[PDB]
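Top line first, the protein sequences correspond to chains A, B, C, D, E and F.
The working numbering applies: residue 47 is where the first sequence begins, and numbers increase by one.
The working numbering applies: residue 47 is where the second sequence begins, and numbers increase by one.
The working numbering applies: residue 47 is where the third sequence begins, and numbers increase by one.
The working numbering applies: residue 47 is where the fourth sequence begins, and numbers increase by one.
The working numbering applies: residue 47 is where the fifth sequence begins, and numbers increase by one.
The working numbering applies: residue 47 is where the sixth sequence begins, and numbers increase by one.
Even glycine gets a Cβ: it sits at the ideal position worked out from N, Cα and C.
Take a look at the structure set out below.
There are 6 protein chains.
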Amino acid sequence: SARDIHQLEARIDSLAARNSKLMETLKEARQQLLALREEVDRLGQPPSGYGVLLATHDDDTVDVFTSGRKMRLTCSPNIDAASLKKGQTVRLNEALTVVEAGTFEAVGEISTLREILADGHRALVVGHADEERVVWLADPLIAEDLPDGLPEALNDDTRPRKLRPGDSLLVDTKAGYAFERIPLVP
Amino acid sequence: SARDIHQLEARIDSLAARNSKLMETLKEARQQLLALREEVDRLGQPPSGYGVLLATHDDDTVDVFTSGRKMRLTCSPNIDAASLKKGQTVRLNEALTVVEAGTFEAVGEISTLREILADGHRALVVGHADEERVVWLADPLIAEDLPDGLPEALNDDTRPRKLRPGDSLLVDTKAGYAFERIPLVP
Amino acid sequence: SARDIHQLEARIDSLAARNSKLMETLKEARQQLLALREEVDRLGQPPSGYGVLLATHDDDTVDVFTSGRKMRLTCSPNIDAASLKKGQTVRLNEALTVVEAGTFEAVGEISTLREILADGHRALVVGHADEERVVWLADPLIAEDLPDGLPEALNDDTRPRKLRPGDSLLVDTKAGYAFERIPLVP
Amino acid sequence: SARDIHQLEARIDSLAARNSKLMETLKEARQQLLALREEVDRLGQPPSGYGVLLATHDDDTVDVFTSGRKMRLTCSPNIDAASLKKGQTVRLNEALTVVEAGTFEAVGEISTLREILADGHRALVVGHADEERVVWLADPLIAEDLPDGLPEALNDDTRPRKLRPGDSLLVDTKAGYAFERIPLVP
Amino acid sequence: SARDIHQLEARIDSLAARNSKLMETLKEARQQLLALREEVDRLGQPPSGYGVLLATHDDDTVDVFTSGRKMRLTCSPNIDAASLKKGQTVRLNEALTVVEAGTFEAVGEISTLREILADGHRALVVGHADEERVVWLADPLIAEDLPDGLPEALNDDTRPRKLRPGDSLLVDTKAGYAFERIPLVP
Amino acid sequence: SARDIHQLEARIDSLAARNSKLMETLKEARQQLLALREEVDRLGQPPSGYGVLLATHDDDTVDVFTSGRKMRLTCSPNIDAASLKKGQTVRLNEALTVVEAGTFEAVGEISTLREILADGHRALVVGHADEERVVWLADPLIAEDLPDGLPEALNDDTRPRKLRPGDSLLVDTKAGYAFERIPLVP
């Protein structure tokens, strides 16, 4: 027979055609993604401002505290929402839209703390003119595996301990955070 | 005339399984380009303001306290018309229109409580250097079912009670509320 | 005669015509007013800000004090400019245009008062760090039929009196107002 | 043929007095729709700013002090180019252009007067905690015809005088003026 | 010959033409300048703001300090850059662009000064609550021909001297300037 | 026929030297209209912001401190990549993009130095009333080649040294740095 031959020579074209047009739509999608993901680094571009991170949400939002208010902010793709730590300094572009995580604020108000609260997250800190406030503790100061502390009879060690009613802390009253311990010798 | 039909059946059987390896990788391209495009499509929609709740109105409206000032603004169809409590933190969108309820601002100044006021609603508190301001109390400080306390002849106070003058309670002098009590120890 | 009949049948049409077109222009004016006055309630719509009222004018203006300056502000139709009392919290829409009157600011700075002034409107109040300032008194504290006083030998009454050099007042140093008396037990 | 003419004379006499009841109610519609439309047409024109007057210039210009800062701006044709006195309240329109004179800011800080100054224009006053600032005086404190005083050997001072050091006078340290004297009593 | 005559009658036109068109281009330039220089007085027009002059550059720019930041600002033609004195109140139009020079600030914070620095330009002033700060000195207080000082035994002269560890100064802590001496008598 | 040729040679010789007096004054018009137009063309280009330098990044970026806040922004491909020192006063254009090094903010608060810190980068200084803050030090306070000092048994300290606790050093607590040291004398 001579109809089968013409029936195949027709399927081969009906398949070469679907192969030309598919190979192209991929290039179109792989060009498209390299553009969208080039866009996401355009988001992390300077000039950018800095807020403290108050708390994490489930739906990829953050309570950040920036420019003096509590804001609830959408963050970038590029940023890993699990590994965001309470009270860490984040970065943010024009329209606020988070784009990095960062150290902890390292400079500022010192105040001595008077006790840790039932919560286990908040301190009674006492600032400078016998002023008392209640801050959140930056995850790093209640942190899981922090050494007992040991006594105070092999003198000044200052290496990282769990928190004592005595220590001096670096805080941001404006925000609501503790941040780090400090050696004082009074 | 029979090799002709192998050739064909062999170009075919070869394309249709290149056609199906592409089918499958183009699927897994669209599925990454569409999950990314929604994340980015979310970053477009503006962020959220937060503010303290100052009083319900027999209107639809509320007196909140947002980016510094005392404003009166409407609620969205979807939140509990009047069953949010005086002085809780709420969320607010771009055009300023409440949309959630929340916790209780839980960090801030500590004052002592000079005496609850005339009408059982305001307190007169003394701040950090003696200066006396008069604050609204927020519901869970005067809710209906709070134990009279007993006098103090067994020790421990950590558990909910009616406000006795003397108590150190926490307060946001720029907004006007007190928000929770503090387990004092000397 | 047959000219009079045609002369009336012509006046009746010349009057039926003026009656069709008048009945319509009214509907046009009564629709127009229901739109203008619907607009005036669109003005009192949320989101809205709140200022203190300094003093009233003849030509429907107010000296209000909102967001930190003195402003001379036009108010809404809906508003009864003679029932406005010096130092009364008003409300204001987007472009500042008053739209309600209201209670009295109820929370804030307590200070004690050292004397009323020859004016009979202004006080020497003495705040917290032996700081002295001079506020306007909210009409309610010099009000006409304020019961005299009587001594203090049937003890604590705290029901409304005329104002003593003793009492503690709720003020807004920012604005310049007193607002209410307070029972301090001392 | 005579009933015909009653009928007519009776349709007429009936319309022309429906025509005149409408005439009159449409009048009283236009008279409410036009009195309202002017009130609303007024709410369009922007509100007014206020500021203190810092010094006449032999130009047309004044150095006033408005939304917090110290600006120099023109006067409107219609106010008396030179006859307004150093440090009185003035009104200002949207494009900042003075338009009125006013009273004297009548409420604020109270300082004592340490000694009038070198040139007879500035005072050195001590504020509420001991800081000493140096303020301009406003005309009615150094105007030309003020009683030399008398020593004090009969009591009551409430009447206009030349400033004796000691006198507590009232002042607006962020703007720089003093504004009026105060009856002391011990 | 008759070709020379036609050769001159042609140069005279070729020169009358260059004379018509030149006389016009001048009017065009002299009209243009009277417009540009009319523009430069339109720049010094009210409403205008007031900054302190920090330091002068060579390239017609200034470090002024206005509205709380340090700014490097271009000034107008009309203004003589080498007659600008460190710490002199300047004026500035809408877009900041200097347009006058001025007196010195005249009112403000008094503090006594503990010493002049090795620099010879900066003082250790000491403000009110035993607060120490370090200001630039307005040229006028280290000025070249400042008479000596002399002892203090022909009593209070107050007439202009060179600066002592004793005197009280008028300063702007916000800017960083001293400005003038003051005769206190304690 | 010969007067004809004087006439001509005399109109010519007269125009061509009016033509050359204009030539020359039009030159001196263009030369003033173009030197002015460039001065004015400069006043168009926006002014400059300044801010403190908070830390180099192994990116291309810096953490500066500008119009009050703490931002991270890029450098102009012409300033020294990372050989600018921590906490020096840089300048910034309109779109906020650094463009220069500068001196050292030389005026401000004076504090005493309690003890240099753990990692030799932050100090803990006490301020003016007793509050203690923790500040970044700016290169020249801890650069490499600074004399150990010697003890105090001959006098005069004015010359560069390593920071001994006690020293009064200047500092800008809102930004975070200290900046230079002060020759103390009791």
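Around the beta carbon of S60/E, fewer than 16 other beta carbons lie within 10 angstroms, which makes this residue exposed. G97/C counts as buried, since at least 16 other C-beta atoms from the protein chains shown sit within 10 angstroms of its C-beta. In the three-state scheme derived from DSSP, where H, G and I count as helix and E and B as strand, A48/C is classed as coil. With contacts defined by Cβ atoms closer than 8 angstroms, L230/E and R207/E do not form a contacting pair. Considering only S214/D, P211/D, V217/D and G222/D, the residue with the shortest C-alpha distance to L216/E is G222/D.
For the set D202/B, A164/B, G114/B and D126/B, the Cα lying nearest the Cα of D218/B is the one of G114/B. The shortest C-alpha to C-alpha distance from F150/B to any of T143/B, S94/B and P186/B is the one to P186/B.
Residue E146/F holds the alpha-carbon nearest to the alpha-carbon of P123/F among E146/F, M117/F, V171/F and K116/F. In its chain, beyond the 5 residues on either side, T120, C121 and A127 have a beta carbon closer than 7 angstroms to the beta carbon of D106/D.
Residues of the region 87-113 of chain E with a Cβ closer than 7 angstroms to any Cβ of chain F: none. Residue burial annotation: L138/A is buried, with at least 16 other C-beta atoms found within 10 angstroms of its C-beta.
Identification of residues in the region 202-225 of chain A having a C-beta nearer than 9 angstroms to some C-beta of chain F yields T204, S214 and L216, given in sequence order. DSSP places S129/B in the coil class of the three-state scheme, outside both helix and strand. Contact of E198/E with chain D by beta-carbon distance below 9 angstroms is absent, the smallest such distance being about 18 angstroms. Residues of chain B whose Cβ lies closer than 7 angstroms to the Cβ of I156/C are, in chain order, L170, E178, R179 and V180. Counting along the chain, no alpha helix (DSSP H) covers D109/E; the unbroken beta strand (DSSP E) around it starts and ends at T107 to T112. When the beta-carbon positions are compared, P211/B and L159/B come within less than 8 angstroms of each other. About 4 angstroms separates the Cβ atoms of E178/B and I156/C, confirming a contact at the 8 angstroms cut-off. At a beta-carbon threshold of 7 angstroms, the residues of chain F lying near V153/A are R168, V180, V181, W182 and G222, ordered along the chain. Within the DSSP bridge table, the entry for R227/B names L215/B as partners. Neighbours of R137/A in chain F, taken as residues whose beta carbon is under 8 angstroms from its own, are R118 in chain order. Using a CB distance cut-off of 8 angstroms, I125/F does not count as an interface residue toward chain E. For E85/F, there is no enclosing beta strand (DSSP E); the enclosing alpha helix (DSSP H) has its first and last residue at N65 to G90. Listed along chain D are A164, each with a C-beta nearer than 8 angstroms to that of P229/E. By the CB criterion at 8 angstroms, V181/A and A169/A fall inside the cutoff. Closer than 8 angstroms to the CB of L142/B there is at least one CB belonging to chain C. Nearest C-alpha to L89/E among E226/E, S214/E and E140/E: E140/E. Closest by C-alpha distance to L99/B, out of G195/B, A62/B and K131/B, is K131/B.
Around the beta carbon of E226/E, a 10 Å sphere encloses 16 or more other beta carbons of the protein chains shown; the residue is thus reported as buried. By the criterion of a C-beta distance shorter than 6 angstroms, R118/D is surrounded in its chain by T107 and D109, once the five residues flanking it on both sides are discounted. For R76/C, the neighbours in chain D by C-beta distance under 7 angstroms run, in chain order, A75. Secondary structure of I188/B (DSSP, three-state): coil. Following the DSSP letters along the chain, one finds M117/A inside the beta strand (DSSP E) bounded by residues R115 to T120. Neighbours of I58/F in chain E, taken as residues at a C-beta separation under 9 angstroms, are given in chain order as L54, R57, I58 and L61.
For a Cβ distance threshold of 9 angstroms, residue set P229, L230 and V231 of chain A lies close to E161/F, ordered along the chain.
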